[PDB]
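Engineer: My sequence and its experimental structure, below.
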Amino acid sequence: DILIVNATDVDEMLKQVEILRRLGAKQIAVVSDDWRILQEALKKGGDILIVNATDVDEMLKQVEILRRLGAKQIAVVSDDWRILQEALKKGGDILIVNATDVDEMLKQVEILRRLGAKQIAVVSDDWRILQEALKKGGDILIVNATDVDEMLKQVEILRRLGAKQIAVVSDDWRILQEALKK
């Protein structure tokens, strides 16, 4: 469904973006520390922009900026649910819960739901956690695996369990190209 490019070297990301768009990928996302890097990813045809910041007001600044440029889909990722709430208050389209422990994850999801979050995403390399997030009701599931074999295995299973929007994040366009075909 969604292919997330994560390569800090601005040179390479631009290449990956150009390749995947050529291969008929409808939804492409980019995650970065620099809204400036995010800016050109959009100019080159990046569907989704994922702000990955720590300081709340630094994040608030980048979101507003990216909104001003007319970025339609902006996502925020952080471990602290309070930051995600603040992002939601400012019109963040997608909220990405990134927690290690399952009970902390499920706690943060429900909170954001209640506060009116419409697109909640969950990321983790443990597909045991992703499965529970699906039962709970998380909208988007982001698979983060080291090798392709394990990544395709998780997608199929999650598909089997009824996931409808599955995102895959990697540094390896061959891997992402594999995800799209599947």
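Structural biologist: Sure, I can see it. Numbers count the residues shown, from 1 in each chain.

Engineer: Strands of the chain, start to end?
Structural biologist: Secondary structure of the chain by DSSP state E: the strands cover 2-5, 28-32, 48-51, 73-78, 94-97, 120-124, 140-143, 165-170.

Engineer: from those, which stretch is densest packed?
Structural biologist: Stretch with highest mean neighbour count among the strands of the chain: strand 94-97 (a mean of 26; mean count of other CB atoms under 10 Å). All C-beta spots, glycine's among them, are computed from the backbone N, C-alpha and C.

Engineer: what does it contact?
Structural biologist: Contacts to strand 94-97, defined as CB atoms under 8 Å, 6 or more residues apart in numbering, come from residues 48, 50, 73-78, 81, 84, 87-88, 105, 108-109, 112, 117, 119-123, 133, 138, 140, 142.

Engineer: could I get that strand in CSV with only the CA atoms?
Structural biologist: The C-alpha atoms that make up strand 94-97 are tabulated as CSV, following Å, rounded to 0.1, in the frame of the first residue of the first chain:
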residue,chain,number,x,y,z
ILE,A,94,-1.4,10.8,10.3
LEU,A,95,0.0,10.0,13.7
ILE,A,96,2.6,7.2,14.0
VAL,A,97,2.9,5.4,17.3
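
Engineer: That strand pairs with which strands, parallel or anti?
Structural biologist: When pairing is defined by DSSP bridges, strand 94-97 lines up against strand 73-78 (parallel), strand 120-124 (parallel).
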